[PDB]
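**Q** Pasting in a structure now, in structure tokens, and then I'll have a few things to ask.
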Amino acid sequence: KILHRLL
Amino acid sequence: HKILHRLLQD
Amino acid sequence: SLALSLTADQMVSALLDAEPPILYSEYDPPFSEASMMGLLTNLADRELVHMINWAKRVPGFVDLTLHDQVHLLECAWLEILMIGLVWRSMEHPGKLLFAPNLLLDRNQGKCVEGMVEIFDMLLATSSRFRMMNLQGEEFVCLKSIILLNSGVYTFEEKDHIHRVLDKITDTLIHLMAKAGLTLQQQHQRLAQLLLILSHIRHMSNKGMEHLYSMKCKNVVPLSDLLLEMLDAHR
Amino acid sequence: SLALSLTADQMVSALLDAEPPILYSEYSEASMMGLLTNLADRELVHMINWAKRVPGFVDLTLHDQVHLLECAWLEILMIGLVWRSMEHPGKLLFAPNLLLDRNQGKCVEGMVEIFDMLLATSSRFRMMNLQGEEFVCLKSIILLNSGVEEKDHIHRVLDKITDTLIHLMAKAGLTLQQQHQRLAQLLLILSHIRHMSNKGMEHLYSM
Ligand SMILES: O=S(=O)(Oc1cccc(F)c1)[C@@H]1C[C@@H]2O[C@H]1C(c1ccc(OCCN3CCCCC3)cc1)=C2c1ccc(O)cc1
Ligand SMILES: Cn1c(N)nc2cc(-c3ccccc3)cnc21
């Protein structure tokens, strides 16, 4: 997910 | 009214 | 103002004495989605009547107006059913004790669409109470806090409810100190118990969504009381 | 494990330093939802970087970090909105240039009920005179609690934040009974914040 990429 | 209304009075 | 003049030991005794009984379901000895939801809604309906009697025995609840009593119970009724279910399921790992003759595991929760998600959250809360070794005196304090707190933000009368809530806070700390917890352990455990109440609110709201979908799909006939308690959240 | 060894005052300054900025909005049922959506999206980027600075968060696996932010993001946005709306009774300060009142929450169906709950939370914080040091503790509790070896470490950090809240209240001169009562009052508001997020997530699902 994008949340995964931002982390 | 309401059933809860009635039950609280009873 | 006679609730505010209770000692901590008198608060506990009054709450323990007000406890409702454990009811039975009318179990059928095959499970369909409809037959299981019917057992649970029938049980929840009969428990709601006893909950109303219990609420009138919570110190300070009598002092509120009839309109304020309705609002608090309308807001918290499913949280209150759930914390009671989680409490009596503590000694049954991996199982939920809806009734002494209705003890189900998560694979039986799969009978109802969307039920197993709530089932897993209730089992998780039960094991959390078990790891914390939650006491019956602490349970009845937490259940009364739900009653007075959950609807207090969506209302002078507010000040009275918060004074009673503070008294239950005093009572919880008193129980933890009498149990031998250190002063630092007291506020740490108080925080742990109160943060669980946010999970119970979460489960209640997911459970209200599920009950609303069961009604809107004609899975089971809800009682008029249950229909009114559900309508208050819609 | 430099999260359990922090002092109470170090926890406060660390959380205060990690505070995200106050963003501006690019300012019908579609126009207002567009501004709130655009605002929340930009806030989320800062929230993820703020979360990485909450002591004990980076010690978790990336999977647990994702799960905590997935569960808590709307609660964190809401307590942020409630906090900066404290000094604006009856108004919600979504942004310095976007100060909305209750009536402007009727443009979107079902929005006004949540507007009322947020305003009631702001009034509650205002009546408690919630301090900024307390606010950042509560927001870190929401992050760590709303999705909770690994579970024990999360509860260890949560106990440290509890110790920090009690430390702030003892520093303010509250008696032992007042510290416990105020601690309970603050944490019970999180139950209402959870309720508002649950409701808002239901309506945001309706897209
Ligand atoms: O949800 S509500 O409580 O309000 C309502 C009520 C009824 C109907 C509604 F539609 C909204 C909610 C409270 C307040 O008003 C709504 C809202 C919001 C939040 C996120 C949104 O979009 C996220 C989408 N993203 C893109 C994809 C990535 C994830 C994020 C859109 C709106 C609010 C909000 C926004 C920013 C804040 O600092 C604080 C609060
Ligand atoms: C609609 N619904 C769902 N989905 N789970 C429930 C669970 C109960 C329950 C019954 C007895 C004791 C505790 C909870 C009641 N209704 C429920």
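Within each chain, counting starts at residue 1; across the structure tokens, chains are named A, B, ... in the order shown, with ligands numbered 1 upward in that order.
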Show me a table, sorted first by chain and then by increasing residue number, of the residues of chain A having an atom at most 9 Å from chain D, each with its shortest atom pair and the distance in Å to one decimal, counting only C-alpha atoms and written as CSV.
**A**
```
residue,atom,partner,partner_atom,distance
A:3,CA,D:66,CA,6.7
A:4,CA,D:66,CA,6.4
A:6,CA,D:48,CA,7.2
A:7,CA,D:48,CA,6.9
```
**Q** Take the selection from the previous step and output its residues with N, CA and C atoms, as a short mmCIF file (atom, residue, chain, number, x, y, z; two decimals), in the first residue's frame.
**A**
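Wrote it out as out-v4.cif, contents follow:
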```cif
data_model
loop_
_atom_site.label_atom_id
_atom_site.label_comp_id
_atom_site.auth_asym_id
_atom_site.auth_seq_id
_atom_site.Cartn_x
_atom_site.Cartn_y
_atom_site.Cartn_z
N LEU A 3 0.62 3.60 2.26
CA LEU A 3 1.04 3.70 3.65
C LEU A 3 2.29 2.87 3.90
N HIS A 4 2.39 1.70 3.26
CA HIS A 4 3.59 0.87 3.40
C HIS A 4 4.79 1.56 2.76
N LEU A 6 5.23 4.83 2.34
CA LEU A 6 5.59 6.02 3.10
C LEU A 6 6.38 5.66 4.35
N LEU A 7 6.13 4.49 4.93
CA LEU A 7 6.88 4.01 6.08
C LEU A 7 8.22 3.40 5.66
#
```
**Q** Could you give me, as a list in words, every polymer residue with an atom at most 8 Å away from an atom of ligand 2, counting only C-alpha atoms and all ligand atoms?
**A** residues 37, 40, 41, 43, 44, 47, 78, 80, 81, 82, 83, 84, 85, 86, 98, 99, 114, 115, 118, 119, 206, 207, 208, 209, 210, 211, 212 and 214 of chain C
**Q** Within 6 Å of ligand 1, counting only C-alpha atoms and all ligand atoms: which residues, as a VMD selection string?
**A** chain D and resid 36 to 37 39 to 41 77 to 78 81 94 110 to 111 114 200 to 201 203 to 204
**Q** With N, CA and C atoms kept, could you save the residues just selected as a compact mmCIF listing (two decimals), in the first residue's frame?
**A**
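Contents of the output file again.txt:
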```
# COMPACT_ATOMS: atom_id res chain seq x y z
N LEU D 36 -11.77 19.05 2.63
CA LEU D 36 -11.45 18.19 3.76
C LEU D 36 -10.63 16.98 3.31
N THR D 37 -10.96 16.41 2.16
CA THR D 37 -10.18 15.29 1.63
C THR D 37 -8.76 15.73 1.31
N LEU D 39 -7.15 18.23 2.52
CA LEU D 39 -6.46 18.56 3.76
C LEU D 39 -6.01 17.30 4.49
N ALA D 40 -6.91 16.33 4.63
CA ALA D 40 -6.59 15.11 5.36
C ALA D 40 -5.46 14.33 4.68
N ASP D 41 -5.44 14.32 3.35
CA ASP D 41 -4.39 13.61 2.63
C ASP D 41 -3.02 14.19 2.94
N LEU D 77 -6.43 12.40 13.37
CA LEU D 77 -6.87 13.62 12.71
C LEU D 77 -7.93 14.34 13.54
N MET D 78 -8.83 13.58 14.18
CA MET D 78 -9.93 14.18 14.92
C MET D 78 -9.45 14.83 16.22
N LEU D 81 -7.88 18.03 15.25
CA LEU D 81 -8.88 19.05 14.95
C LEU D 81 -9.52 19.59 16.22
N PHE D 94 -10.51 23.49 11.11
CA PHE D 94 -9.85 22.53 10.23
C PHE D 94 -8.51 23.08 9.74
N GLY D 110 -25.35 13.65 7.09
CA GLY D 110 -24.73 12.93 8.19
C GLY D 110 -23.49 13.59 8.77
N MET D 111 -23.02 14.68 8.18
CA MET D 111 -21.82 15.36 8.66
C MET D 111 -22.08 16.15 9.94
N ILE D 114 -21.59 14.30 13.36
CA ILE D 114 -20.20 14.17 13.75
C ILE D 114 -19.61 15.53 14.10
N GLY D 200 -17.42 8.30 11.53
CA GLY D 200 -16.86 8.95 10.37
C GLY D 200 -16.35 7.97 9.33
N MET D 201 -15.81 6.83 9.77
CA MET D 201 -15.34 5.82 8.82
C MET D 201 -16.51 5.19 8.07
N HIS D 203 -19.29 6.73 7.19
CA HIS D 203 -19.74 7.69 6.18
C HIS D 203 -18.69 7.93 5.11
N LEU D 204 -17.41 7.92 5.48
CA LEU D 204 -16.37 8.01 4.46
C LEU D 204 -16.36 6.77 3.57
```
**Q** Which one of D:199, D:20, D:7, D:184 sits closest to residue 112 (chain D) if you count only C-alpha atoms?
**A**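 The shortest atom-to-atom distance to residue 112 (chain D) comes from D:199.
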**Q** Assign secondary structure with DSSP using the backbone only, and return the residues of chain A in helix (DSSP H, G or I) as a list in words.
**A** residues 2, 3, 4, 5 and 6 of chain A
**Q** Please compute the CA of residue 61 (chain D)-CA of residue 132 (chain C) distance, one decimal, in Å.
**A**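 Here the two named atoms are 24.6 Å from each other.
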**Q** Any idea which chain D residues end up within 6 Å of chain C if we count only C-alpha atoms, as a PyMOL selection string please?
**A** chain D and resi 159+181+191
**Q** Counting only C-alpha atoms, a student should be able to say which residues of chain B come within 9 Å of chain C; what is the right answer, written as a list in words?
**A** residues 2, 3, 4, 5, 7, 8 and 9 of chain B
**Q** Skip residue 28 (chain C) itself and residues of its chain fewer than 4 positions away, then list as a PyMOL selection string all residues within 10 Å of it, counting only C-alpha atoms.
**A** chain C and resi 35-36+39
**Q** Report the distance between CA of residue 207 (chain D) and CA of residue 33 (chain D) in Å, rounded to one decimal place.
**A**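 Distance between the two atoms: 10.7 Å.
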**Q** Write out as a list in words which residues come within 9 Å of residue 38 (chain D) when counting only C-alpha atoms, dropping same-chain ones fewer than 4 positions away.
**A**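 In the requested format, the answer is residues 25, 26, 33, 34, 42 and 43 of chain D.
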**Q** Please provide as a VMD selection string all residues within 10 Å of residue 178 (chain D), with the sequence filter that same-chain residues fewer than 4 positions apart are discarded (counting only C-alpha atoms).
**A** (chain C and resid 166 170) or (chain D and resid 166 169 to 170 173 to 174 182 to 184)
**Q** Kindly export the residues of the current selection with N, CA and C atoms, as a short mmCIF file (atom, residue, chain, number, x, y, z; two decimals), in the first residue's frame.
**A**
```cif
data_model
loop_
_atom_site.label_atom_id
_atom_site.label_comp_id
_atom_site.auth_asym_id
_atom_site.auth_seq_id
_atom_site.Cartn_x
_atom_site.Cartn_y
_atom_site.Cartn_z
N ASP C 166 -15.93 10.21 38.84
CA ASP C 166 -14.74 10.38 39.68
C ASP C 166 -14.79 9.46 40.90
N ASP C 170 -12.09 6.74 42.10
CA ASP C 170 -11.59 6.54 43.46
C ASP C 170 -11.75 5.09 43.90
N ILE D 166 0.86 11.23 34.44
CA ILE D 166 0.85 11.42 35.89
C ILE D 166 1.95 12.38 36.31
N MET D 169 0.77 15.90 35.68
CA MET D 169 -0.24 16.32 36.64
C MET D 169 0.36 16.57 38.02
N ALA D 170 1.31 15.73 38.43
CA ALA D 170 2.00 15.98 39.70
C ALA D 170 2.82 17.26 39.62
N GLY D 173 0.85 20.30 40.37
CA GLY D 173 0.41 20.47 41.74
C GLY D 173 -0.85 19.73 42.12
N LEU D 174 -1.40 18.89 41.24
CA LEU D 174 -2.59 18.14 41.58
C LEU D 174 -2.28 17.11 42.66
N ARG D 182 -8.13 12.85 37.02
CA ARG D 182 -7.90 13.52 35.74
C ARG D 182 -7.39 12.54 34.69
N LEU D 183 -6.55 11.58 35.10
CA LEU D 183 -6.11 10.54 34.17
C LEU D 183 -7.31 9.79 33.60
N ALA D 184 -8.25 9.40 34.46
CA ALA D 184 -9.43 8.68 33.99
C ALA D 184 -10.28 9.54 33.08
#
```
**Q** Find the residues around residue 131 (chain C) up to 12 Å (only C-alpha atoms counted), leave out those fewer than 2 positions away in its own chain, and share them as a list in words.
**A**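 Near residue 131 (chain C), the qualifying residues are residues 90, 91, 93, 124, 125, 126, 127, 128, 129, 133, 134, 135, 192 and 193 of chain C; 151 and 152 of chain D.
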**Q** What gap, in Å, lies between CA of residue 34 (chain C) and CA of residue 219 (chain C)?
**A**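 Distance between the two atoms: 5.4 Å.
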**Q** Near residue 156 (chain D), counting only C-alpha atoms, which residues have an atom at most 12 Å away, once you skip same-chain residues fewer than 3 positions from it, shown as a PDB file with N, CA, C and O atoms, in the first residue's frame?
**A**
```pdb
ATOM      1  N   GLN C 188      -1.007   2.789  36.365  1.00  0.00           N
ATOM      2  CA  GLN C 188      -0.757   2.025  35.146  1.00  0.00           C
ATOM      3  C   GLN C 188      -1.904   1.066  34.852  1.00  0.00           C
ATOM      4  O   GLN C 188      -2.345   0.953  33.703  1.00  0.00           O
ATOM      5  N   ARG C 189      -2.399   0.363  35.875  1.00  0.00           N
ATOM      6  CA  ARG C 189      -3.501  -0.570  35.662  1.00  0.00           C
ATOM      7  C   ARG C 189      -4.806   0.171  35.397  1.00  0.00           C
ATOM      8  O   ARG C 189      -5.618  -0.273  34.578  1.00  0.00           O
ATOM      9  N   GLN C 192      -4.693   0.977  31.803  1.00  0.00           N
ATOM     10  CA  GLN C 192      -4.898  -0.217  30.987  1.00  0.00           C
ATOM     11  C   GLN C 192      -6.373  -0.604  30.926  1.00  0.00           C
ATOM     12  O   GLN C 192      -6.893  -0.937  29.855  1.00  0.00           O
TER      13      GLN C 192
ATOM     14  N   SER D   1      16.674  -0.118  22.809  1.00  0.00           N
ATOM     15  CA  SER D   1      15.300   0.084  23.255  1.00  0.00           C
ATOM     16  C   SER D   1      15.147   1.429  23.953  1.00  0.00           C
ATOM     17  O   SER D   1      14.579   1.513  25.043  1.00  0.00           O
ATOM     18  N   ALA D   3      13.286   3.726  24.526  1.00  0.00           N
ATOM     19  CA  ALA D   3      11.940   4.253  24.707  1.00  0.00           C
ATOM     20  C   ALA D   3      11.505   4.011  26.143  1.00  0.00           C
ATOM     21  O   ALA D   3      10.770   4.814  26.726  1.00  0.00           O
ATOM     22  N   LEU D   4      11.965   2.899  26.717  1.00  0.00           N
ATOM     23  CA  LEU D   4      11.717   2.599  28.119  1.00  0.00           C
ATOM     24  C   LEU D   4      12.665   3.340  29.052  1.00  0.00           C
ATOM     25  O   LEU D   4      12.339   3.512  30.232  1.00  0.00           O
ATOM     26  N   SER D   5      13.824   3.776  28.557  1.00  0.00           N
ATOM     27  CA  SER D   5      14.822   4.449  29.378  1.00  0.00           C
ATOM     28  C   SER D   5      14.654   5.962  29.398  1.00  0.00           C
ATOM     29  O   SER D   5      15.388   6.642  30.123  1.00  0.00           O
ATOM     30  N   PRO D  55       8.154   7.604  20.512  1.00  0.00           N
ATOM     31  CA  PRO D  55       9.114   6.635  21.063  1.00  0.00           C
ATOM     32  C   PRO D  55       8.515   5.240  21.167  1.00  0.00           C
ATOM     33  O   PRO D  55       7.438   5.046  21.735  1.00  0.00           O
ATOM     34  N   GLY D  56       9.229   4.267  20.604  1.00  0.00           N
ATOM     35  CA  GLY D  56       8.806   2.884  20.599  1.00  0.00           C
ATOM     36  C   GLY D  56       8.103   2.441  19.335  1.00  0.00           C
ATOM     37  O   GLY D  56       7.900   1.235  19.149  1.00  0.00           O
ATOM     38  N   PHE D  57       7.733   3.377  18.456  1.00  0.00           N
ATOM     39  CA  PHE D  57       6.983   3.010  17.260  1.00  0.00           C
ATOM     40  C   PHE D  57       7.868   2.298  16.241  1.00  0.00           C
ATOM     41  O   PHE D  57       7.469   1.281  15.665  1.00  0.00           O
ATOM     42  N   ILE D 141      -1.036   7.762  22.746  1.00  0.00           N
ATOM     43  CA  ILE D 141      -1.803   6.633  23.264  1.00  0.00           C
ATOM     44  C   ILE D 141      -2.764   6.114  22.207  1.00  0.00           C
ATOM     45  O   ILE D 141      -2.888   4.902  22.001  1.00  0.00           O
ATOM     46  N   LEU D 144      -0.883   3.971  19.661  1.00  0.00           N
ATOM     47  CA  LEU D 144      -0.413   2.671  20.124  1.00  0.00           C
ATOM     48  C   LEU D 144      -1.550   1.775  20.594  1.00  0.00           C
ATOM     49  O   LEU D 144      -1.421   0.548  20.546  1.00  0.00           O
ATOM     50  N   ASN D 145      -2.660   2.354  21.047  1.00  0.00           N
ATOM     51  CA  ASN D 145      -3.738   1.558  21.620  1.00  0.00           C
ATOM     52  C   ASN D 145      -4.789   1.126  20.606  1.00  0.00           C
ATOM     53  O   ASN D 145      -5.386   0.058  20.770  1.00  0.00           O
ATOM     54  N   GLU D 149       5.658 -10.628  23.417  1.00  0.00           N
ATOM     55  CA  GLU D 149       6.891  -9.971  23.002  1.00  0.00           C
ATOM     56  C   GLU D 149       6.603  -8.613  22.366  1.00  0.00           C
ATOM     57  O   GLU D 149       6.982  -7.573  22.904  1.00  0.00           O
ATOM     58  N   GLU D 150       5.927  -8.632  21.215  1.00  0.00           N
ATOM     59  CA  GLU D 150       5.604  -7.390  20.521  1.00  0.00           C
ATOM     60  C   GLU D 150       4.415  -6.682  21.160  1.00  0.00           C
ATOM     61  O   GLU D 150       4.398  -5.448  21.248  1.00  0.00           O
ATOM     62  N   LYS D 151       3.412  -7.440  21.605  1.00  0.00           N
ATOM     63  CA  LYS D 151       2.285  -6.825  22.301  1.00  0.00           C
ATOM     64  C   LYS D 151       2.705  -6.309  23.671  1.00  0.00           C
ATOM     65  O   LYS D 151       2.212  -5.270  24.127  1.00  0.00           O
ATOM     66  N   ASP D 152       3.619  -7.016  24.341  1.00  0.00           N
ATOM     67  CA  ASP D 152       4.099  -6.554  25.637  1.00  0.00           C
ATOM     68  C   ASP D 152       4.886  -5.255  25.502  1.00  0.00           C
ATOM     69  O   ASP D 152       4.750  -4.354  26.338  1.00  0.00           O
ATOM     70  N   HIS D 153       5.707  -5.136  24.454  1.00  0.00           N
ATOM     71  CA  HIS D 153       6.475  -3.911  24.252  1.00  0.00           C
ATOM     72  C   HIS D 153       5.557  -2.714  24.023  1.00  0.00           C
ATOM     73  O   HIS D 153       5.835  -1.608  24.504  1.00  0.00           O
ATOM     74  N   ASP D 159       2.477   2.149  29.231  1.00  0.00           N
ATOM     75  CA  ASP D 159       2.664   2.429  30.653  1.00  0.00           C
ATOM     76  C   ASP D 159       3.572   3.636  30.863  1.00  0.00           C
ATOM     77  O   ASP D 159       3.351   4.435  31.781  1.00  0.00           O
ATOM     78  N   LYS D 160       4.600   3.781  30.021  1.00  0.00           N
ATOM     79  CA  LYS D 160       5.498   4.928  30.130  1.00  0.00           C
ATOM     80  C   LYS D 160       4.765   6.232  29.837  1.00  0.00           C
ATOM     81  O   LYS D 160       5.025   7.257  30.478  1.00  0.00           O
ATOM     82  N   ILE D 161       3.848   6.213  28.870  1.00  0.00           N
ATOM     83  CA  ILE D 161       3.065   7.409  28.577  1.00  0.00           C
ATOM     84  C   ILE D 161       2.108   7.712  29.723  1.00  0.00           C
ATOM     85  O   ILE D 161       1.857   8.880  30.048  1.00  0.00           O
ATOM     86  N   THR D 162       1.557   6.672  30.355  1.00  0.00           N
ATOM     87  CA  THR D 162       0.757   6.881  31.559  1.00  0.00           C
ATOM     88  C   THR D 162       1.592   7.531  32.653  1.00  0.00           C
ATOM     89  O   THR D 162       1.162   8.504  33.285  1.00  0.00           O
ATOM     90  N   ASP D 163       2.799   7.004  32.887  1.00  0.00           N
ATOM     91  CA  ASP D 163       3.710   7.622  33.849  1.00  0.00           C
ATOM     92  C   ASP D 163       3.972   9.082  33.502  1.00  0.00           C
ATOM     93  O   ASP D 163       4.081   9.933  34.392  1.00  0.00           O
TER      94      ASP D 163
END
```
